[PDB]
Structure formats: C-alpha cells, structure tokens
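The structure appears below as structure tokens.
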Amino acid sequence: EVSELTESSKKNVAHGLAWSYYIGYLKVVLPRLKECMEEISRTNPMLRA
Amino acid sequence: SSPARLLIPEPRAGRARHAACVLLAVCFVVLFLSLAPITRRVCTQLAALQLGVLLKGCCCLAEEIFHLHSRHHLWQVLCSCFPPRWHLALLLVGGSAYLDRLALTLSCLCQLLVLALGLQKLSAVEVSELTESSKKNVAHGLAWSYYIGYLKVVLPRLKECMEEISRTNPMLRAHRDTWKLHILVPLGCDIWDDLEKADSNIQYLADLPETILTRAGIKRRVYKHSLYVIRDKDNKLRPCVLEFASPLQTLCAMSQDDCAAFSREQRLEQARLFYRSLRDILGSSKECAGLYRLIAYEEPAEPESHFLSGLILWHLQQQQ
Amino acid sequence: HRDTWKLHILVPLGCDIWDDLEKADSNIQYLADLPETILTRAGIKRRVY
C-alpha cells in the first residue's frame, strides 16, 4: 500500500525542488558571501555601517 | 508586527489517539454502570474484523506474484503483502473456530464483498498526512526540475550546435541518424568527472571552452556540447554527445550529508523511480520528440574494464 | 558641490605611483568604489563606467 501511494502521486514536487535547490545552489554559494562582501566593505563605508 | 500575514500549516499534533482513548475510557465507565459470555462474542467479532486484512493480503500477494521476480525475487512477497501484525489475527480465527460454519461464511462474505466493492476509501486528512509525512520523495521533483531546467531548453537547439561542429570538422557529417543527445543514468550514484577515464575506448574529439554564468540565480543558456569518439574494434571510429544525470549527483550529495540520514537502499529505490519518472516525462513530450536517448545500466558483479563502451556501442548499433 | 564636477589628474614629475591612494596621505579616504571589471577582447578594451 505504501509503495503504491509513493508510486501513484506524480505531483509531489515540493520536496524534490527544495532538496535540489539546496544542494545545487545554497550549499555552494552561501558560505562564500561574507568574504566576498568584506572586500567591498573595505572601500565602501555604507556597507561597513 | 508584520506587514504581511502568513498561516503556515504546522503538522498535526496527533491528538486523535487521545480522543479515542478518552472515548474508550468513557465506554468502560458506561459499561461499569448498570456479561462474561459476551467476551466470546466480542472475540469472535474481533476475529471477523481481523480476517479482512488477511483476505486483503492474500489478494495482494495473488496480484504481486508476477512482480515477485521483478521486485522481491517467495518469502519476501508474502512478507510484503501481509502486515506483520497478523499473528494475533490467526490466533483469534483459531479461537473462534475452536469455540464453535454459517457465521464464519457470512462474516467472510461481508468482509470480501466490502473489499471488492471498494466503498471504503481514504478521506482527505489521512492522504494529506501521508503526503506531508514522507520527507524523502525527491524522485518526481528532481525529474520535473531537470526536465524543465535543462532538457526543455537545450534539446531543441541541438541540430544547429552540431551543424557548426560539423562545419568545424566534417567527420561527423557522415553519421546523420545519431544526431541526438545521449544521457547516462547509472542505477547507482557514481559519476565520473572525466568520462575519458571511465573507459579506455572513449576519447575526446572537440571541447571548446565555455563559462556557465548565473546572474542572481538566473542561469545562462549552454551553447556547446562535448563531442566524443568511442573507439570500436579495428574497423572504424564513432562520435557521440554524452552527458550524465545531475539528479543522480544530487542523490549522492544527499546521501553524503549526515542530517539527511539518507541510506543506500533508499538511494537505489529513489534512483530507479527517478529513472522511470524521467522516461515517462520525456515519452509524452513534443519538443523533445526524438532528440534524446537515455541509457540506464546497472554495474555488473563481474569486473569488466570495457563494459560502458560496449553498452554505448550497442545503443549506437540499435540507433542505426 | 557642483562647480568641482571634473576629473582630477595627478602627474608627479618623478615616477612614483601609489596603488592605494588612501595610503599616500592620511587625509584621503574612500567614499564610494563599486566593483568593475576591465575586459579586453582581442585587444579592444571595454569602456569604463
């Protein structure tokens, strides 16, 4: 029964989109943000504020 | 407080069991107010209600006999069809039989008539709970995301890319019936970054540099595909356009994470389901009518150093 | 300040050039420096904006 329930629903796309977005983009671009912004913060006082 | 307003549906608190328990306590309290042989009738009715799941399991195994070889390969089929909480049902049936067959006949008649008519179905609450409780069903989402993001934007623009490639070197102009992108989807999760290293007979022929640029999350289109040359036997050489499935790398990275708690058997099942979903999605499409050929293989137990090359050569031969 | 809307050019009669002009004198400090990439395609330099 549980196997048929998993197979039949072809529209459970939310979990797939969430995990795909996470692994593909956020796990690889998020950590290198503070270091990428500090260099601009060195010359722009507005970002430093 | 908040300019907007959100009502996030937090999951069920599971207080239905508490309501059932308090109702049962109320029933016991009522029975206390205002006898012994009625326990036999209660047990017989419990056995009559329990034999329904036994009938359902028998029917399920009768239907799963053909899928036995494909999924379970004899004990596994009956283990899957029958819920493990069935020994007490057999005990109740045996006790009812020993205590006493018209009653059993009418009880089983009613049970299997209800089962066959299919008037007992699932309401919205339980199906929604099952939908939102199974956290790991990324197969369909990954298939749809892959198709929309990649396969619906580069497959139509495949004739012109290879046309300029053939303009650069007319070698692949001779082969015109194999002008479609080949996709490799191993049922495991291993992915080779240097496909020339996976097999000794696969060698590059043309790979022009290209930069993949994303501006605020918007990915730029890909205008180049890597052309290869699979060495046949000492008769000729054949070119190809080869790719791997990024969602399989997604499954691999999911399995690597500790917080995901994603195992190996689940990974295999999800990979097979993703393969089936992608095949069914591409089968009923229009833009990608015949501009693709996806190859699914399971790595063999015996060590073969030229397995993939032979498989793709066979796919090319049937392609012709 | 509207009457000082013109580019200033420093030409020392020697040849010393400071890469960080904020370090040449203690009273010169940045106010705005947005990132920009200088691209030359086959010797053709892109305009500076």
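We name chains A, B, ... following the order of the structure tokens; residues begin at 1 in each chain, and ligands are numbered from 1 as shown.
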(request) Might you pull out every residue within 12 Å of residue 10 (chain A), with only C-alpha atoms counted and same-chain residues fewer than 3 positions away left off, and present them as a list in words? (result) residues 4, 5, 6, 7, 13, 14 and 16 of chain A; 131, 137, 138, 139, 140, 141, 142, 143, 144, 273, 274, 276, 277, 278, 280 and 281 of chain B
(message) Could you go through chain C and tell me which residues DSSP, when run on the backbone, assigns to strand (DSSP E), listing them as a ChimeraX atom specification?
(response) /C:40-41,44-45
Those same residues, written as a compact mmCIF listing (two decimals), in the first residue's frame with N, CA and C atoms?
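The new file part11.txt reads:
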```
# COMPACT_ATOMS: atom_id res chain seq x y z
N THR C 40 39.10 43.19 -22.16
CA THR C 40 39.66 43.44 -23.48
C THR C 40 39.45 42.19 -24.33
N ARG C 41 38.76 42.34 -25.46
CA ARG C 41 38.50 41.24 -26.37
C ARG C 41 39.38 41.42 -27.61
N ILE C 44 40.74 44.92 -27.83
CA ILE C 44 39.78 46.01 -27.80
C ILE C 44 39.29 46.16 -26.37
N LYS C 45 39.64 47.27 -25.73
CA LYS C 45 39.31 47.49 -24.33
C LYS C 45 37.88 48.00 -24.19
```
(request) Kindly determine which residues of chain C lie within 7 Å of chain A, considering only C-alpha atoms, and give the answer as a list in words. (result) residues 30, 31, 32 and 33 of chain C
Got time to write the residues from that selection, N, CA, C and O atoms, as an mmCIF file, in the first residue's frame?
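The new file part_23.cif reads:
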```cif
data_model
loop_
_atom_site.group_PDB
_atom_site.id
_atom_site.type_symbol
_atom_site.label_atom_id
_atom_site.label_comp_id
_atom_site.auth_asym_id
_atom_site.auth_seq_id
_atom_site.Cartn_x
_atom_site.Cartn_y
_atom_site.Cartn_z
ATOM 1 N N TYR C 30 38.311 56.845 1.105
ATOM 2 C CA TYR C 30 37.322 56.435 0.124
ATOM 3 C C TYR C 30 35.919 56.839 0.567
ATOM 4 O O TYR C 30 35.634 57.004 1.757
ATOM 5 N N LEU C 31 35.034 57.005 -0.416
ATOM 6 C CA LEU C 31 33.628 57.259 -0.136
ATOM 7 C C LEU C 31 32.753 56.298 -0.929
ATOM 8 O O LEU C 31 31.678 55.900 -0.468
ATOM 9 N N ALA C 32 33.212 55.913 -2.118
ATOM 10 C CA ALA C 32 32.458 55.005 -2.973
ATOM 11 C C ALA C 32 33.391 54.421 -4.021
ATOM 12 O O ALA C 32 34.041 55.167 -4.759
ATOM 13 N N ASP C 33 33.454 53.091 -4.081
ATOM 14 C CA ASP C 33 34.207 52.393 -5.127
ATOM 15 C C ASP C 33 33.472 51.083 -5.416
ATOM 16 O O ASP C 33 33.701 50.068 -4.755
#
```
(request) Give the residues of chain A that lie within 12 Å of chain B; count only C-alpha atoms, and format the answer as number ranges by chain. (result) A: 1-29
Saved selection, atoms kept: N, CA and C atoms, as a compact mmCIF listing (two decimals), in the first residue's frame:
```
# COMPACT_ATOMS: atom_id res chain seq x y z
N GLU A 1 0.82 -1.21 0.00
CA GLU A 1 0.00 0.00 0.00
C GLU A 1 0.86 1.26 0.00
N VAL A 2 1.88 1.31 0.86
CA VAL A 2 2.73 2.49 0.91
C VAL A 2 3.54 2.63 -0.38
N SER A 3 3.98 1.51 -0.95
CA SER A 3 4.69 1.57 -2.23
C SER A 3 3.79 2.12 -3.33
N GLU A 4 2.53 1.67 -3.37
CA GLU A 4 1.60 2.18 -4.37
C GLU A 4 1.31 3.66 -4.15
N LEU A 5 1.20 4.09 -2.89
CA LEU A 5 0.98 5.51 -2.61
C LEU A 5 2.17 6.36 -3.06
N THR A 6 3.39 5.87 -2.84
CA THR A 6 4.56 6.61 -3.30
C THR A 6 4.64 6.65 -4.82
N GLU A 7 4.29 5.54 -5.48
CA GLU A 7 4.40 5.48 -6.94
C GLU A 7 3.32 6.31 -7.62
N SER A 8 2.11 6.34 -7.05
CA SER A 8 0.96 6.90 -7.76
C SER A 8 1.02 8.42 -7.83
N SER A 9 1.43 9.07 -6.75
CA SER A 9 1.44 10.53 -6.70
C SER A 9 2.61 11.06 -7.51
N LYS A 10 2.32 11.56 -8.71
CA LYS A 10 3.34 12.10 -9.61
C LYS A 10 3.51 13.60 -9.47
N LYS A 11 2.87 14.22 -8.48
CA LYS A 11 2.92 15.67 -8.31
C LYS A 11 3.57 16.12 -7.01
N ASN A 12 4.15 15.21 -6.23
CA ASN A 12 4.87 15.61 -5.03
C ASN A 12 6.22 16.20 -5.40
N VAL A 13 6.21 17.42 -5.93
CA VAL A 13 7.41 18.05 -6.48
C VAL A 13 8.09 18.97 -5.47
N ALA A 14 7.42 19.30 -4.36
CA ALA A 14 7.95 20.29 -3.43
C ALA A 14 9.24 19.82 -2.76
N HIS A 15 9.26 18.58 -2.27
CA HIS A 15 10.46 18.07 -1.61
C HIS A 15 11.62 17.99 -2.58
N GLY A 16 11.36 17.52 -3.81
CA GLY A 16 12.41 17.46 -4.80
C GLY A 16 12.98 18.82 -5.13
N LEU A 17 12.11 19.81 -5.32
CA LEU A 17 12.58 21.16 -5.60
C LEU A 17 13.39 21.72 -4.43
N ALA A 18 12.92 21.49 -3.20
CA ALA A 18 13.63 22.01 -2.04
C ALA A 18 15.04 21.42 -1.95
N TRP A 19 15.14 20.09 -2.02
CA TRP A 19 16.45 19.45 -1.90
C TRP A 19 17.35 19.81 -3.08
N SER A 20 16.80 19.86 -4.29
CA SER A 20 17.60 20.22 -5.46
C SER A 20 18.14 21.64 -5.34
N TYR A 21 17.26 22.59 -5.01
CA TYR A 21 17.70 23.97 -4.83
C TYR A 21 18.79 24.06 -3.78
N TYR A 22 18.56 23.44 -2.61
CA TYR A 22 19.55 23.46 -1.54
C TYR A 22 20.90 22.96 -2.04
N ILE A 23 20.96 21.69 -2.43
CA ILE A 23 22.24 21.06 -2.77
C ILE A 23 22.91 21.78 -3.93
N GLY A 24 22.15 22.09 -4.98
CA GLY A 24 22.74 22.66 -6.17
C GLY A 24 23.27 24.07 -5.98
N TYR A 25 22.54 24.91 -5.24
CA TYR A 25 22.87 26.33 -5.19
C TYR A 25 23.32 26.79 -3.81
N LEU A 26 22.53 26.52 -2.77
CA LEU A 26 22.77 27.18 -1.49
C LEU A 26 23.98 26.59 -0.77
N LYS A 27 24.20 25.29 -0.92
CA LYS A 27 25.35 24.66 -0.28
C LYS A 27 26.67 25.11 -0.89
N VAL A 28 26.64 25.69 -2.09
CA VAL A 28 27.87 26.05 -2.79
C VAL A 28 28.07 27.56 -2.93
N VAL A 29 27.02 28.37 -2.81
CA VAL A 29 27.17 29.81 -2.98
C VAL A 29 27.03 30.58 -1.66
```
(message) Report, in Å to a single decimal, how far apart CA of residue 283 (chain B) and CA of residue 314 (chain B) are.
(response) 21.4 Å
(request) Could you tell me how far CA of residue 112 (chain B) lies from CA of residue 52 (chain B), in Å and to one decimal? (result) 7.0 Å
